[PDB]
Amino acid sequence: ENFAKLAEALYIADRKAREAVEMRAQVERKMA
Amino acid sequence: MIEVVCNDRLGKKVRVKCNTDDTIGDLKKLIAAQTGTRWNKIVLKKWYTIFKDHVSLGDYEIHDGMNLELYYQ
Amino acid sequence: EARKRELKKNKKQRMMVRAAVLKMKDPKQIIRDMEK
Amino acid sequence: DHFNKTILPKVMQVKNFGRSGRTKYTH
Amino acid sequence: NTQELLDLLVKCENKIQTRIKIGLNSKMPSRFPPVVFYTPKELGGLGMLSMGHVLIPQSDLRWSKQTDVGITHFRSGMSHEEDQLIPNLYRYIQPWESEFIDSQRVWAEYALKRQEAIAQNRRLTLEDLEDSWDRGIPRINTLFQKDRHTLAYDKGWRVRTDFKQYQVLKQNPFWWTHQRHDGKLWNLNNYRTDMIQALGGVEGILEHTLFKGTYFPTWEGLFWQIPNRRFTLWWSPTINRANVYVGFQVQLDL
Amino acid sequence: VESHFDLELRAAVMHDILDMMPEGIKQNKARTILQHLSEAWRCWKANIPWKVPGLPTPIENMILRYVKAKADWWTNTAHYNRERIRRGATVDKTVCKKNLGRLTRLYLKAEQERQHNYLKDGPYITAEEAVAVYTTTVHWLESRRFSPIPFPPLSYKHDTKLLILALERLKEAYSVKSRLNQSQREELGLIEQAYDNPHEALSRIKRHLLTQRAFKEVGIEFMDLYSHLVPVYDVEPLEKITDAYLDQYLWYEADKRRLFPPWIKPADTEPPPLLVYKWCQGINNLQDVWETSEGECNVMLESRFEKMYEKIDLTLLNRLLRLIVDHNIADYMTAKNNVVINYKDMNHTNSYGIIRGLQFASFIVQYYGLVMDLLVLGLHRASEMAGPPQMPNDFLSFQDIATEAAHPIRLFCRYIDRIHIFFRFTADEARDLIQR
Amino acid sequence: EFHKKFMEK
RNA sequence: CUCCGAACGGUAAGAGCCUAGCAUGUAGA
């Protein structure tokens, strides 16, 4: 039951982390 | 020097140490000394290849371990 | 090791077959009946 | 017994699958 | 260095000899020379590359030929000491210490020769590389192989060879190296020569074979339950003698 | 033997049918109920929720009890066989296959239970720690400047060479010397069609990598090992060809762009020379590694994670693969890692772990170990052990003595699953560490 | 039972 | 430096002819 909720939380966390990492890498590439 | 196995399937598995160029009379003496039977009564065979009391040992060319079916006269 | 027992069984069967073949048409069965 | 029986690796009494005995007069 | 390792190798070789000599007759005989095995398949035998001390007795090297005067008996060279058929395979491997030292000495000369060729406008001269042809770190034949360009575009074969145990249902001893990229991991023809020398040459090692006669006065290869029968017949005198089994001689009906 | 136990169980079932609720003597039933119980036990042997319907309550209860008894006897026989497995005591030829099959079905049930636990329960991968590991990999890639995988187009020269090499490897693995099967003929035919039509084969493989996001039933096979088993899996032939293709492409791209560091690299060399010599000489080539006049000390840490398989974040695997490889091939690899599993009769569950038998698996495991190495060894230590991308170091070399003299760790190695560490540290750090 | 068995086999 | 072992795993099976050391001691008319 809670496994699906934990998996959805992990997926949302991974998506947010990927978006933030892409933004940070773009900012660094623009800075360099 | 040669080691011979005067063997039989009737409670006589004897190991005599024979000389190289020796005769068979002395070999029969040793077989009696280790087996416990009169000298002239012993008989040695290998499928009716009766070895005689004058033909030498190196004549047949026995070597270490050549067992011999023992029989009595 | 068991191959020896298998070969022994095969040889025993072959020997029984040969004995039956020699006895069925034997001189005392076939040739003896040939005179009758 | 024609061999030396000293160059052998550790020892060889008999590999005939019957070594019931264990002795060599070391003590 | 592992004494237990060598002792266990000897025990395992003896265990194989069990049923290697017991497969024929359930006796476990006394003497039974290893020459029934250490003759390679080129002559007919097995090719048992052994490591344990298989002492060959001096009373198993007798041969004669009745040609012009009579049966001139002879014997191989065993007056010094016992016959050491397989003294040690470690002596004929060039171990990793010698391998690394020879590599450090040889790859530098290879680079020097390559620089001299690039300067002198020379190609891959196999004659010049014949001195540094032995093993390299991988086999130098791979450097001058036929699939050099085709094999150079594949990096990372060690992991593939490692996980081949999952990609295949059979043990693949390829951890040591790759047969293509790394080349060969040993050489043994010198060991075969040493073996045939210790057995008293071909004529000495073959006095047990039945072709003392057979209309074959010389060595001419004609190698055509085929191998089991061929083996137990080609060693029937060396096997079915009297100084191995007990002396319960039995003759046949005819 | 077990036959006596089975006969006793059958006799107990007959006695239960006669006495345990026989529904009165009115021309009662026969061994058909025994056949139903045997079928139910066979169904349970598949680890399925099937049972023995079509009977009353106490009949079903007695059937379940007898099935549990027979299964306990089978598990006990399997434990007794596994006890005489390492040593063996000269086991026979027929008992080996029976013990292997029993252990195989036991492991199939265990893997099914693990997959069901991962599904119903939520044993996640420490989502905070997961985001941390992802950020660490991001910074590592940014520091190394290792670009991602430019997925193969149909406009490359050495792609035909890679396809021919994959065909050669698959042929050398399939048929070694006089070996064939019902499906092995399919593999030989696929290899022949590829050697004949390499362009069409490469186009088909590109179509699979761009569109194919699934896989067929992969079988399981246990290698007849004594101590540690080597489970070999079966795959599809065209799937195998595409697997080898994109695998070898990933290997070539990584070797070209240096996608892997030297320490995590069982690689082009022999294991004993490289490992022993480099390791020992690095232990000897350190900056006064053997000096103990100042109370210094040295330690060696050898271990094995035992968690590079069956405990991996598949979602994190897909995330990292997208971070380092394009979406198509990365998603295809993530799908093939958890495609399907099938026993002789059972159907094991995917989404539990990595399928090591599938091709292109060594890249996955090495990248997983690389992530774990970036986690354990850290950033500065790895940045000093590797060196910059403009001038990296050797397997155990450095740009200067200060690169190793600063941190405690001086040398590192890593196998497919093994790991080895050697670090020096002064007595002040020793006292602080023991205090902690 | 199953855990220790699968761990040591 | 004296501790030395024996049996089985072994002798194909066969049709015609021939020779013999051994064994009961009785019930009953």
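Calculation notes
Residues numbered from 1 in each chain as written, not as in the entry; some residues may be left out. Chains lettered and ligands numbered in written order. Part of a larger assembly, values for the part shown. Heavy atoms only, no water. Residues with missing side-chain atoms left out of burial classes, pairs and counts. Helix = DSSP H or I, 4+ residues; strand = E, 2+ residues; numbered from the N terminus. Rg over C-alpha atoms; globule rule 2.2 N^0.38 Å. Contact = heavy atoms within 4.5 Å. Pairing = 2+ DSSP bridges. Axes fitted to C-alpha atoms, helices over the stretch in contact; angles between N-to-C directions. Nonpolar A, V, L, I, M, F, W, Y, C, P; charged D, E, K, R; others polar. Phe/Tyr/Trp six-rings, centres within 6.5 Å; stacked < 30°, edge-to-face > 60°. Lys NZ or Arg CZ within 6 Å of the ring centre and 35° of its normal.

As recorded in the entry header, the structure was determined using cryo-EM to a resolution of 3.9 Å.

Draft legend 1. Looking closely at the overall build of chain B. The helix and strand tally for chain B stands at two helices and four strands. For chain B, the N- to C-terminal ordering of α and β elements is β-β-α-β-α-β. A compact globule built from 73 residues would reach a C-alpha radius of gyration of about 11 Å, and chain B, at 11 Å, matches this within 12%. Over its C-alpha atoms, taken along the principal directions, chain B stretches across nearly 30 × 25 × 20 Å. In chain B, 53% of the contacts between residues at least 6 apart in sequence involve partners at least 24 apart.

Draft legend 2. How the structure looks around the overall build of chain C. In terms of regular secondary structure, chain C is built from two helices and zero strands. With the C-alpha coordinates of chain C rotated into their principal frame, the extents come out at 50 × 5 × 5 Å.

Draft legend 3. Layout of the sheet that holds strand β3 (residues 297-304) of chain F. Residue and element names in this part refer to chain F. Pairing within the open sheet is antiparallel, and its three strands lie in the order β3-β5-β4. Looking at which strands have only one partner, the edges of the open sheet turn out to be β3 and β4 (409-414). Between one strand axis and the next, the sheet turns by 10° as a mean value, whatever way the strands run. Looking at chain direction, β3 and strand β5 (residues 418-425) are connected through eight bridges and run antiparallel.

Draft legend 4. Geometry of the arrangement of the chains. Of all five pairs of chains sharing an interface, the pair with the highest contact count is chains E and F. A gap remains between chain A and chain E, with no contact made and the closest C-alpha atoms lying 30 Å from each other. Separated without contact, chain C and chain F have their nearest C-alpha atoms at a distance of 12 Å.

Draft legend 5. Spotlight on the sheet that holds strand β1 (residues 4-7) of chain B. Residue and element names in this part refer to chain B. Strand order in the open sheet formed by four strands is β2-β1-β4-β3, with mixed pairing between adjacent strands. Two strands bound the open sheet, and with one partner strand each, they are β2 (14-16) and β3 (42-45). The sheet shows a mean angle of 35° between the axes of neighbouring strands, taken without regard to direction. Pairing of β3 with strand β4 (residues 68-72), which is carried by four bridges, proceeds in the antiparallel orientation. Of the residues in β4, the one forming a bridge with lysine 45 is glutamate 69. Here helix α1 (residues 25-35) sits on the sheet in contact with β2 and β3, set at roughly 135° to β2.

Draft legend 6. Fine view of the interface of chain B and chain E. Listed as interface residues are eight residues of chain B and, on the opposing side, seven residues of chain E. Per-class residue counts for the side of chain B that touches chain E are two nonpolar, three polar and three charged.

Draft legend 7. Broad picture of the packing of aromatic side chains. A centroid spacing of 6.1 Å and a plane angle of 80° characterise the contact between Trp107(E) and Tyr110(E), whose relative ring orientation is edge-to-face. You can see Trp107(E) and its partner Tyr110(E) sitting in helix α3 (residues 96-120), three residues apart, about one turn around the helix. Look at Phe163(E) and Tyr166(E): their rings are 6.3 Å apart centre to centre, the planes differ by 15°, and that puts the pair in the stacked class. A connected cluster of aromatic rings, assembled from ring pairs, spans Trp251(F), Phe260(F) and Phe363(F). Just above the ring of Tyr71(B) sits the side chain of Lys45(B); from NZ or CZ to the centre is 5.4 Å. Directly above the ring of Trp44(F) sits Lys109(F), whose terminal nitrogen or CZ lies 3.6 Å from the centroid.

Draft legend 8. Representation of the interface of chain E and chain F within the structure. Chain E puts 14 residues into the contact, and the matching count from chain F is 19 residues. Across the side of chain E that touches chain F, the residue classes tally to eight nonpolar, three polar and three charged.

Draft legend 9. Geometry of the pairing of β4(B). Note that β1(B) and β4(B) share two bridges and pair parallel. Bridged to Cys6(B) within β4(B) is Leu68(B).

Draft legend 10. Representation of unusual backbone geometry in the model. Non-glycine residue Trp47(B) carries a positive phi angle of around 50°. The residue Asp288(F) is not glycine, and still its phi comes out positive at about 60°. Assignment of secondary structure puts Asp288(F) in the loop between α10 (271-284) and β3.

Draft legend 11. Fine view of the pairing of β5(F). One ladder, built from five bridges, connects β4(F) with β5(F); its direction is antiparallel. By the bridge assignment, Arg414(F) is partnered in β5(F) with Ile419(F).

Draft legend 12. Structural context of the environment of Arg424(F). Residue and element names in this part refer to chain F. Assignment of secondary structure puts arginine 424 in strand β5. Measuring from C-alpha to C-alpha, the distance between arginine 424 and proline 58 comes to 70 Å, with 366 residues separating the pair along the chain. Setting aside chain neighbours within four positions, we find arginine 424 in contact with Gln287, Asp288, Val289, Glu291, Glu296, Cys297, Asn298, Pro408 and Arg410.

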